[PDB]
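J.: Input: one structure, supplied below.
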Amino acid sequence: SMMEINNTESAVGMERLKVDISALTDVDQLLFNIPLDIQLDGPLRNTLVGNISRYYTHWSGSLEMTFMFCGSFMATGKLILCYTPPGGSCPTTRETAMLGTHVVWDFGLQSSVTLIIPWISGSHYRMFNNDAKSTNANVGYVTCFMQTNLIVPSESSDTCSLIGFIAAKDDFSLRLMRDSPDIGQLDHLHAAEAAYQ
Amino acid sequence: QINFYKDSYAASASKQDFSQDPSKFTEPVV
Amino acid sequence: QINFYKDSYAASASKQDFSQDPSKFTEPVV
Amino acid sequence: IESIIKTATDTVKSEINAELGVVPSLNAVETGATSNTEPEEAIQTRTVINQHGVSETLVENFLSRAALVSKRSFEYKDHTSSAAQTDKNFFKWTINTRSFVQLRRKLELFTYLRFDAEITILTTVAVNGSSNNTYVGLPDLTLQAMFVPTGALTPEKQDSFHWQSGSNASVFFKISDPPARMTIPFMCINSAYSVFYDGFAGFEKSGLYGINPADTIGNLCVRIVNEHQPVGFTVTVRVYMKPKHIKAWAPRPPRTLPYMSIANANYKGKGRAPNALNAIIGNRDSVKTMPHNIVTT
Amino acid sequence: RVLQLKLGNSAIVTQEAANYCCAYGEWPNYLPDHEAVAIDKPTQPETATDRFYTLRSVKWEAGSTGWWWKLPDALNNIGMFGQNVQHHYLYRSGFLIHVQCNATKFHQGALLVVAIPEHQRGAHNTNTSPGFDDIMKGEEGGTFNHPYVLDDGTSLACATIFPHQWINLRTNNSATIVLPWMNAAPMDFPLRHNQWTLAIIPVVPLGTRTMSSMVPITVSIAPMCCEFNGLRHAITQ
Amino acid sequence: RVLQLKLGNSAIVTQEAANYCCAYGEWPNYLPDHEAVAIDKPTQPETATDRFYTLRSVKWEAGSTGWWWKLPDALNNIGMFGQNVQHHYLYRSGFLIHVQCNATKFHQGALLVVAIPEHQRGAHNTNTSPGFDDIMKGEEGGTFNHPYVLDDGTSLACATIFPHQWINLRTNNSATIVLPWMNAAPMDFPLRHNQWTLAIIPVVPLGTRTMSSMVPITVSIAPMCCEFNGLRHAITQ
């Protein structure tokens, strides 16, 4: 299911579900990053894996992110996608990020690439405690950089879009059920009294 | 498990069906 | 001993393990 | 292909790859299939033997918990002067799972459901706090709850001859007992209940959209059996439902915006994110901003 | 009485030992596939990490209360062990500890040498918990404030329940302890939790009437069966 | 035409390759006991060293003469490979090199990508030999002065005797080369001798009449079968 990566003040409705990329004058540049804290509010929350996980308290196992390129047929480019295990700040330069787990992606006849986020933890489970900086909760970071450049001819659009998707693998597990924080009420709904009349 | 009622729907919950097939949702292609 | 609950952790306490090895504390030498 | 799964899957050791014509990390999303790339194909792995169970996410375990479905308060007193809108020592309720949002959102994850329903009834009482009243102790009252089919005749008053219950099921219980309990079977005229219904209930065009009377379980009629005392009390009744013997079909996108009504699926959203009509997730300053970034000192 | 220890490119000989201790009768080993959690292939450096490192020596004096060091914290900046620690999210190892102290046949004194698992320290005469700089001393270690209560309100008299040896200056001139992995989890993050504390406490004080001399105590530590997981860029304390 | 490379925690996919090259038909391996010299047990880090590292990209422009990098020098400061290099006297490895460059169906141009063993450079119009700062460029690499004579008074026309591939922009968008150990000795000191030079030379210059864009070239390198001997304290360039 689709990630809401473009969760920014200027993006309205369906615009929040895509990331736009364009040609650059400078090498090695950062395009975007994603927080991986699958219990908290963020790009992963409103997904099939995010919604079902928020009924539980502990989780374990591997995730996959898949990206689809939606430019013209004549457009070309290469990207690098990196996962960094936790311990300090998110990396801001390609030469720092490429030391982590990564894949280099070439645009072509196959439209899409998968990055595996492997289960790397000291404990058997991670814990949905209300603290993003806990050693029992933090997962690390995903970051994307230019490996070459987006290159297009004059009759193609100068700007192209990525759609990002996420799912769990079959090593995934959940436990300790709870009331979901995604819904609530302060009053009775409309027409609820008419059931008594 | 204890049940002395005559109608079978009166019984306790059933929590032993571990059969799955994710492929009907993940791979619905010919 | 009586237990009609489905989850095994619901059971009474267990007081039958008489196995010991003091030597791991009293003689920890090669 | 169908199989029995009691634990999460194992991981196998893997080596270097450099092979022409083989690309397990590339996929074709346009087909509608999910990615089949495995961890052993993406990175070098060790062997791991996995002992994690999967039983707490079984559908019977996920849905079979008792949840609140009705809460009603009424005054137990002499009602000789009360206005016609009053619950005069009795009330009627049409059974539904739409009035309290935590049960509603969980059932609405599926298109069709088949289950038996276990019903539990909890009662409490208090003395009315008018300036003429001290406290005086609390009575151990008897209550009657009668089950009545959808659209059938219901009692008009506390002492109606309709309460004789000659073929209807009734349960009688005291406030000092444990809560009253019984099971209602799967009662639909179809093989499953419809959680959502894209149609109209009747042959004429003027009927209700989205309502299907075949999915309505019935009516519950409740009274105090005792005559009124010389002083007034407030009585509150709570009803709980637990589904059991469950089957479920065709899973659905979860509700994101707040509910408005029990009658329909209408929406409005919050005034600002999260859960606004134009923005479901809370904002950040840019697609390069990391919101909980760890600081080193 | 006589012993030689050989690991990697390093060797130690002693002519006046008193056996040696294996904590709880265990010996160090690598993590087996039926206890594993993280799925990536682990780094196992062997002879680059599994060798003796020697810390600064400390002076034994008439007023000394005793000394302590925390593991892995005391080694997190040293050699190829420190480099692997800074580049990986997770670590696991055992340790072999060798403590050295010599004096003449005219000296007297006794040291308790003890390895304490999860030595959570207390502060004295306040409600406030110890801070980061009170705990994380690195290669320098620290000193006891109240060794009679182990700085935790328990007691020194019962400390013999933990893995330990004595140095008694008429009997022996070194102590040796082997430590297994000791944690509730199969691996851990090395920059925020310490599995073991080494403590050295002078129960009978140093004394003589012969010529005065400086009497140092020296600590050597070797990691055993090191493993690392979750490779990334370098991060320090 | 389609290829995936997987080493350690790193993977590369390409949809427009042209086979790949193995230098002299060989494949990398560890040093066997009948060819060994140093007697100490070697360090073999596996997945900590044997993975892709990506250098700075360079811009292809109408005036470009071509670019070069020396191995191991370009990697001697990067990741756990650089740390092992700085703490050991001796090293050995092979390499896997992947060169990346893409453009539209309306662009034209051709690159020769070549790996030269023992590329001893010459200076132009002087008797004085090249200095240390002319040779030891590190991760930045250098540029050719006279690519037509390979900066050594031989020629570009015969450079096809060495392990090589082409990137021709109508045909392919990447080149791949596998390099064995290539030295007169079984191991070497990594801070003073380079086994291999990677060179990238534009034989047909970049051209189009469509919209202008910046066209970068990118280099990724993975060490293979790394071994290190003679552990000591850290020493840098």
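Letters A, B, ... mark the chains of the structure tokens in the order given; residue numbers begin at 1 per chain; ligand numbers begin at 1, in order shown.
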Can you list, as a list in words, every protein, DNA or RNA residue that comes within 8 Å of residue 86 in chain E when you count only C-alpha atoms, leaving out same-chain residues fewer than 4 positions away?
T.: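 Here the answer would be residues 76, 82, 234, 235 and 236 of chain E.
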J.: Would you save the residues from that selection as a tab-separated table (two decimals), in the first residue's frame, using N, CA, C and O atoms?
T.:
```
chain	number	residue	atom	x	y	z
E	76	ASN	N	35.94	0.70	24.46
E	76	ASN	CA	35.22	1.25	23.29
E	76	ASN	C	36.05	2.21	22.40
E	76	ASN	O	35.65	2.48	21.27
E	82	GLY	N	37.64	-1.10	19.26
E	82	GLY	CA	36.99	0.21	19.24
E	82	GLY	C	36.48	0.61	17.85
E	82	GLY	O	35.36	1.09	17.72
E	234	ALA	N	30.62	5.53	10.97
E	234	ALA	CA	31.19	5.63	12.31
E	234	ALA	C	30.41	6.62	13.19
E	234	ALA	O	30.12	7.74	12.79
E	235	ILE	N	30.14	6.21	14.43
E	235	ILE	CA	29.52	7.05	15.47
E	235	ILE	C	30.30	6.86	16.78
E	235	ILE	O	30.60	5.74	17.17
E	236	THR	N	30.63	7.96	17.46
E	236	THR	CA	31.41	7.96	18.71
E	236	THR	C	30.53	8.20	19.94
E	236	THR	O	29.37	8.62	19.83
```
J.: List every residue of chain E that has an atom at most 6 Å from any atom of chain A, giving for each one its closest atom pair and the distance in Å to one decimal, counting only C-alpha atoms, sorted by chain and then by ascending residue number, as CSV.
T.:
```
residue,atom,partner,partner_atom,distance
E:38,CA,A:120,CA,4.5
E:185,CA,A:123,CA,5.6
E:187,CA,A:122,CA,4.9
E:188,CA,A:122,CA,5.1
E:232,CA,A:100,CA,4.5
E:233,CA,A:99,CA,5.6
```
J.: Excluding range 99-110 of chain D and any residue of its chain fewer than 3 positions from it, enumerate the residues within 9 Å of it, using only C-alpha atoms, and give them as a list in words.
T.: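 Close residues of range 99-110 of chain D: residues 179, 180, 183, 184, 185, 188, 189 and 192 of chain A; 62, 63, 67, 68, 69, 70, 96, 113, 195, 196, 248, 249, 250, 251, 252, 253, 254, 255, 259, 261 and 262 of chain D.
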J.: Only N, CA, C and O atoms, please: the residues just picked out, written as a CSV table (one decimal), in the first residue's frame.
T.:
```csv
chain,number,residue,atom,x,y,z
A,179,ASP,N,-6.7,-1.0,22.3
A,179,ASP,CA,-7.6,-0.1,21.6
A,179,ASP,C,-6.7,0.8,20.6
A,179,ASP,O,-5.7,1.3,21.0
A,180,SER,N,-7.2,0.9,19.4
A,180,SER,CA,-6.5,1.7,18.4
A,180,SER,C,-6.6,3.2,18.7
A,180,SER,O,-7.7,3.7,18.9
A,183,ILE,N,-9.0,6.2,16.0
A,183,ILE,CA,-10.4,6.6,16.1
A,183,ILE,C,-10.9,6.9,17.5
A,183,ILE,O,-10.3,6.4,18.5
A,184,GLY,N,-11.9,7.8,17.6
A,184,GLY,CA,-12.4,8.2,18.9
A,184,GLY,C,-13.7,9.1,18.8
A,184,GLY,O,-13.9,9.6,17.7
A,185,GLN,N,-14.4,9.3,19.9
A,185,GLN,CA,-15.6,10.2,19.9
A,185,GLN,C,-15.6,10.9,21.3
A,185,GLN,O,-15.2,10.4,22.3
A,188,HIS,N,-22.3,11.1,21.4
A,188,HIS,CA,-23.0,10.2,20.5
A,188,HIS,C,-23.1,10.7,19.1
A,188,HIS,O,-23.2,11.9,18.9
A,189,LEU,N,-23.1,9.8,18.1
A,189,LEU,CA,-23.3,10.1,16.7
A,189,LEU,C,-24.7,10.6,16.4
A,189,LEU,O,-25.6,10.4,17.1
A,192,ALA,N,-28.2,8.3,16.6
A,192,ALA,CA,-28.1,7.3,17.7
A,192,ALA,C,-29.2,7.2,18.7
A,192,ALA,O,-29.6,6.1,19.1
D,62,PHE,N,-8.9,-11.7,17.1
D,62,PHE,CA,-8.9,-10.2,16.8
D,62,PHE,C,-10.3,-9.6,17.1
D,62,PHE,O,-10.5,-8.5,17.6
D,63,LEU,N,-11.4,-10.3,16.7
D,63,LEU,CA,-12.8,-9.9,16.8
D,63,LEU,C,-13.5,-10.3,18.1
D,63,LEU,O,-14.4,-9.6,18.6
D,67,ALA,N,-17.4,-5.9,23.8
D,67,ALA,CA,-17.4,-4.4,23.6
D,67,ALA,C,-18.7,-3.8,23.9
D,67,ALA,O,-19.8,-4.4,23.6
D,68,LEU,N,-18.8,-2.6,24.4
D,68,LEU,CA,-20.0,-1.8,24.7
D,68,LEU,C,-20.8,-1.5,23.4
D,68,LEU,O,-20.2,-0.9,22.5
D,69,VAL,N,-22.1,-1.8,23.4
D,69,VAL,CA,-22.9,-1.5,22.2
D,69,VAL,C,-24.1,-0.5,22.6
D,69,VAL,O,-24.6,0.2,21.7
D,70,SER,N,-24.5,-0.5,23.8
D,70,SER,CA,-25.6,0.4,24.3
D,70,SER,C,-25.4,0.8,25.7
D,70,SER,O,-24.9,0.0,26.6
D,96,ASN,N,-27.9,-2.6,17.3
D,96,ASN,CA,-26.9,-2.2,16.2
D,96,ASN,C,-25.5,-2.2,16.7
D,96,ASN,O,-25.3,-2.0,17.9
D,113,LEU,N,-19.6,-10.8,7.1
D,113,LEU,CA,-19.3,-11.5,8.4
D,113,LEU,C,-20.4,-12.5,8.7
D,113,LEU,O,-21.6,-12.2,8.6
D,195,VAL,N,-21.8,-6.1,5.9
D,195,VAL,CA,-21.3,-5.0,6.7
D,195,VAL,C,-21.5,-3.6,6.0
D,195,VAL,O,-21.9,-2.6,6.6
D,196,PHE,N,-21.4,-3.7,4.6
D,196,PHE,CA,-21.7,-2.6,3.7
D,196,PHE,C,-22.7,-3.1,2.7
D,196,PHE,O,-22.7,-4.2,2.3
D,248,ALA,N,-15.1,-14.5,8.0
D,248,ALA,CA,-15.0,-13.1,7.4
D,248,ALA,C,-14.4,-13.1,5.9
D,248,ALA,O,-13.5,-13.9,5.6
D,249,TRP,N,-15.0,-12.3,5.1
D,249,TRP,CA,-14.6,-12.2,3.7
D,249,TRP,C,-14.3,-10.8,3.2
D,249,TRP,O,-14.9,-9.8,3.7
D,250,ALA,N,-13.4,-10.7,2.2
D,250,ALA,CA,-13.1,-9.5,1.5
D,250,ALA,C,-12.7,-8.3,2.4
D,250,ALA,O,-13.5,-7.4,2.6
D,251,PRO,N,-11.4,-8.2,2.8
D,251,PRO,CA,-10.9,-7.1,3.7
D,251,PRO,C,-10.9,-5.7,2.9
D,251,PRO,O,-10.9,-5.7,1.7
D,252,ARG,N,-11.0,-4.6,3.7
D,252,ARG,CA,-11.3,-3.3,3.1
D,252,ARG,C,-10.3,-2.2,3.7
D,252,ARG,O,-9.8,-2.4,4.8
D,253,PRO,N,-10.1,-1.1,3.0
D,253,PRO,CA,-9.4,0.1,3.6
D,253,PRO,C,-10.1,0.5,4.9
D,253,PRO,O,-11.3,0.7,4.9
D,254,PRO,N,-9.3,0.7,6.0
D,254,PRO,CA,-9.8,1.3,7.2
D,254,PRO,C,-10.4,2.7,7.1
D,254,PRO,O,-10.0,3.5,6.3
D,255,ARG,N,-11.4,3.0,8.0
D,255,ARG,CA,-11.9,4.4,8.1
D,255,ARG,C,-10.8,5.3,8.6
D,255,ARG,O,-10.1,5.0,9.6
D,259,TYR,N,-16.4,9.5,12.2
D,259,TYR,CA,-17.8,9.2,11.9
D,259,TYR,C,-18.8,10.3,12.2
D,259,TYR,O,-18.5,11.1,13.2
D,261,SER,N,-22.7,9.8,11.7
D,261,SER,CA,-24.0,9.3,11.9
D,261,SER,C,-24.0,7.8,12.0
D,261,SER,O,-23.1,7.1,11.4
D,262,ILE,N,-25.0,7.1,12.6
D,262,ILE,CA,-25.2,5.7,12.6
D,262,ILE,C,-25.9,5.2,11.3
D,262,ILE,O,-25.8,4.1,10.9
```
J.: Of the candidates E:147, E:45, E:207, E:63, which shows the shortest atom-to-atom distance to residue 81 in chain E, using only C-alpha atoms?
T.: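 Comparing E:147, E:45, E:207, E:63 against residue 81 in chain E, the winner is E:45.
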J.: With a distance threshold of 7 Å and counting only C-alpha atoms, extract the residues of chain C near chain E and express them as JSON, numbers by chain.
T.: {"C": [24, 25, 28, 29, 30]}
J.: What parts of range 27-172 of chain E does DSSP call alpha helix (DSSP H)? I'd like the answer as number ranges by chain.
T.: E: 79-87, 132-135
J.: Write the residues you've just listed into a file as a CSV table (one decimal), in the first residue's frame, and include N, CA and C atoms for each of them.
T.:
```csv
chain,number,residue,atom,x,y,z
E,79,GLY,N,42.1,0.2,19.8
E,79,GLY,CA,42.5,-0.7,18.7
E,79,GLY,C,41.3,-1.0,17.7
E,80,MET,N,41.4,-2.2,17.1
E,80,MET,CA,40.4,-2.7,16.1
E,80,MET,C,39.1,-3.1,16.8
E,81,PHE,N,39.1,-3.3,18.1
E,81,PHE,CA,37.8,-3.5,18.9
E,81,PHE,C,37.0,-2.2,18.9
E,82,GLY,N,37.6,-1.1,19.3
E,82,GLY,CA,37.0,0.2,19.2
E,82,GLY,C,36.5,0.6,17.9
E,83,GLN,N,37.2,0.3,16.8
E,83,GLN,CA,36.8,0.6,15.4
E,83,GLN,C,35.5,-0.2,15.0
E,84,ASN,N,35.5,-1.5,15.3
E,84,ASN,CA,34.3,-2.3,15.0
E,84,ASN,C,33.1,-1.8,15.9
E,85,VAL,N,33.3,-1.5,17.1
E,85,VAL,CA,32.2,-0.9,18.0
E,85,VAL,C,31.6,0.3,17.4
E,86,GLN,N,32.5,1.2,16.9
E,86,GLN,CA,32.0,2.5,16.4
E,86,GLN,C,31.2,2.4,15.0
E,87,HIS,N,31.5,1.4,14.2
E,87,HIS,CA,30.9,1.2,12.9
E,87,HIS,C,29.7,0.2,12.9
E,132,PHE,N,25.1,10.9,33.5
E,132,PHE,CA,25.9,10.2,32.5
E,132,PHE,C,27.4,10.2,32.7
E,133,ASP,N,27.9,11.4,33.2
E,133,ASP,CA,29.3,11.6,33.5
E,133,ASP,C,29.7,10.9,34.8
E,134,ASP,N,28.8,10.5,35.7
E,134,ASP,CA,29.1,9.7,36.9
E,134,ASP,C,29.3,8.3,36.6
E,135,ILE,N,28.7,7.8,35.5
E,135,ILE,CA,28.7,6.4,35.1
E,135,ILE,C,29.8,6.1,34.0
```
J.: Contacts from chain D to chain A, 8 Å maximum, only C-alpha atoms: show me the residue list as an MDAnalysis selection string.
T.: chainID D and resid 8:10 25:29 35 37:39 42 52:54 56:57 91:95 99:102 105 253:254 256 258:263 277:296
